[PDB]
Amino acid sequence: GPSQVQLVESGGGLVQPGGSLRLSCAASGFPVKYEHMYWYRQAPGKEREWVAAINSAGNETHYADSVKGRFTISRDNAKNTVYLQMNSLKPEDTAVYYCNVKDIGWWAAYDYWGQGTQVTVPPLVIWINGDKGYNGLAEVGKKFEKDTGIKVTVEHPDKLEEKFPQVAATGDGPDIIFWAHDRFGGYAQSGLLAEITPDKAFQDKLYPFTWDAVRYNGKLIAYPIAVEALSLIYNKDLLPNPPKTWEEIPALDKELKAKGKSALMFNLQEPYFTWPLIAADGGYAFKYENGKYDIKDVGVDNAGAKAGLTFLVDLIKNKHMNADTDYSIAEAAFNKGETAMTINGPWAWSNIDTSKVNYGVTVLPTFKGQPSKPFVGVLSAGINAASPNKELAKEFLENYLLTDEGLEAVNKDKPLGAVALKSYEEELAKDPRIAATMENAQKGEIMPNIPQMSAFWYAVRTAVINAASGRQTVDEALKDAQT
């Protein structure tokens, strides 16, 4: 008869780090009984590598060093099948796995290969916002991989705070998600977060109020990382002495535009940046009392909020600001020295350093004699409830990220603010920019983490963007936002 030598691998698939998979290879068309059988693998961009071998009976068995102690080759001669039991799998093991036999066929001179079966071991996946130190965090991930053999990927999706609930809710998503604490209550209500289990010794390493920020329904639902608040950033050359009041800003802008510059530019598309002026004279989100936020008591349509917004809109009407300015426009204008001031958090300092602008960081201006009240975020890391990697995620967050070395590597990328880890926060307290962050933070308020926060931010955003644009008056906009 003809040569119908055939090898058919099966059993490949998807598996998490630390998991197990059993491959099989069905052999036909030749006296398999008498042949040594081999497993190989090939990944894209790597050369093919031998993995294991087994003799005819099954009693002699050999392994590559890269899989020794983790894989076991076996065979069943009743079925002419050879098996590769793979344990303690790692991202590095991703590959097409092939079966192979040697020196058979006509004249005993030919080797045969199966078509291959795919094995895919995804990395530990982290999502963090694009304005944070994701390259420094990937360096933390490289150390984790060095120690554990498990690859870590950091991604920064656009709109990640809305994408996580939709894909975690399709049973998928990253293993670890970073965001300010305000969104996490909604994720926990939906059951998309694992409860985290730091012991008491580990809890003592971080400031208690940050733990409070990531407490929901009496449960710790994420690891607090760092405390963020907006600050007034200014060009010490353009403006040696920055103004103390929002009321000074128009005349400063006139003096500056006479010289081809402007006073102030910051992001007007996200209400996080316009909130400190809205809250300053009385605006608030949800009134907190008797240990609960009262969700029927929303302070977005009172006279203080309207006074702050009307002031902002007036700045726009007088062409001191432009309704279309967003994060990138304001950053580019400040770091090129075109505007004397901007409003931002610690993550922005990095880029200013590269800009060579001699800048200072200081207290937000007052409005009607009241401090601006920025909403204070606690950058936090939750473990996806659907993650098949929760123990690895815990090890990463506790023993790699939340260390002096881990936070330093992130902070050297984009500054974190007042880090929750006491030991490193003492080291960083000496920074005048962090001192001004903490001053603005204490004049503000911690964001709530209740599930209504999302809707709240959606309303204020609308109301700001409409009022700045003219589509609605300030009273109309805030009334629509109260609903």
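Residue indices: 1-based, along the sequence shown.
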Practice item. Quick one: say whether 359 to 367 or 182 to 190 has the higher mean Cα B-factor in the deposited entry. Key: 359 to 367
Review point. So 426 to 434 or 64 to 72, which one's hotter by mean CA B-factor in the entry?
Key: 426 to 434
**Study point:** Highest-ranked of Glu331, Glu161, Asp413, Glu338 once sorted by CA temperature factor in the record
**Key:** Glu338
Check your understanding: Looking at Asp199, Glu405, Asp172, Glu270, which has the highest Cα B-factor in the entry?
Key -> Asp199
Check your understanding: If you rank every modelled residue in this chain by C-alpha B factor, which third holds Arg48: lowest, middle or highest?
Key -> middle
Exercise for review: Place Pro451 in the lowest, middle or highest third of its chain's C-alpha B-factors, as listed in the PDB entry.
Suggested key: middle
Review point. What third of its chain's C-alpha B-factors does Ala348 belong to: lowest, middle or highest?
Key: lowest
Review point. Of the three thirds of its chain by CA temperature factor, lowest, middle or highest, which one includes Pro31?
Key: highest
Exercise for review: Sorting the chain's modelled residues by C-alpha B-factor, tell me whether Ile104 ends up in the lowest, middle or highest third.
Suggested key: middle
